[PDB]
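One chain is shown next in structure tokens, namely the form solved without adenosine-5'-triphosphate.
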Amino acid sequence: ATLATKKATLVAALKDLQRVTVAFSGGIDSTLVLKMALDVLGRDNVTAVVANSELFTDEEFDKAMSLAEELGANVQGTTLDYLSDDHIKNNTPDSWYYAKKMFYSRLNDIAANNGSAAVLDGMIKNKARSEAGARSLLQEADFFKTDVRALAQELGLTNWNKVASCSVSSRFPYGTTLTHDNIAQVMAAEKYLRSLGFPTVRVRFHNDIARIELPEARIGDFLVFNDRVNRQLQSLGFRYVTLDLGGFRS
């Protein structure tokens, strides 16, 4: 019920596993997992893995790989071809599942190859991981968001990814087929908009229409960029560039 007992449960489970592979996103959860694993098992018994794929930006991958090295961990990139699975490529509502199944499947192959006893992720108390058998040790020790921040301060952890990102599949309607070209064009559009000073942004894909979602409090500030955004996204392949009057997550 106290953070000390919850931290005791986490140290004991890690001592039990002896050698672990950690699915590392750069967030505060996996940062806490990978830092506790290094402290109890040592650097040669922990492998931090960062997933690289089309569905996430090449820049966020670089960020996660540096944060793992800053913790003092051996970090390893693995490249996933999500588009090879037809459920992910045709963006059915179960795409989230086959993406997560192919992710944990690759984590088990490297953990088999490195002699680890488990795959660890950063899920707390607030379907594919349990199918493959990954362990959420923070969830098993009854960590909540407050306990993660509490133990992170106890250990001196201050640096992590404060915004967590979503799969780029969210910018496509169900049934639309994802290609190498329309994924890349959606991400260039969002990287350009972020470059203008709009960190929270979405470019929803509707074939020849780009549908830009912004926080409504920023749309007044956005007017001075209308024409540059319009022609920049047309040079990326959109025929029409539009702004959704509903705002962010209409």
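When you see a residue number, it is the position in the sequence shown, counting from 1.
In what follows, reference is made to the form solved in complex with adenosine-5'-triphosphate, a form of this protein that is not presented.
Undergrad: Out of 205-213, 180-188, 26-34, 65-73, where are the residues with a heavy atom within 4.5 Å of adenosine-5'-triphosphate in the deposited complex?
TA: Answer to the contact question: 26-34.
Undergrad: Though only this chain appears here, would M123 touch adenosine-5'-triphosphate in the deposited complex if you measure heavy atom gaps against 4.5 Å?
TA: Looking in the deposited complex, residue contacts with adenosine-5'-triphosphate include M123, since a heavy atom lies within 4.5 Å.
Undergrad: Find out whether any non-hydrogen atom of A51 is located within 4.5 angstroms of adenosine-5'-triphosphate in the deposited complex, and reply yes or no.
TA: Because a heavy atom of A51 falls inside 4.5 Å of adenosine-5'-triphosphate in the deposited complex, the answer is yes.
Undergrad: Applying a 4.5 Å heavy atom distance criterion, does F172 contact adenosine-5'-triphosphate in the deposited complex?
TA: Residue-level check for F172: no, no contact with adenosine-5'-triphosphate.
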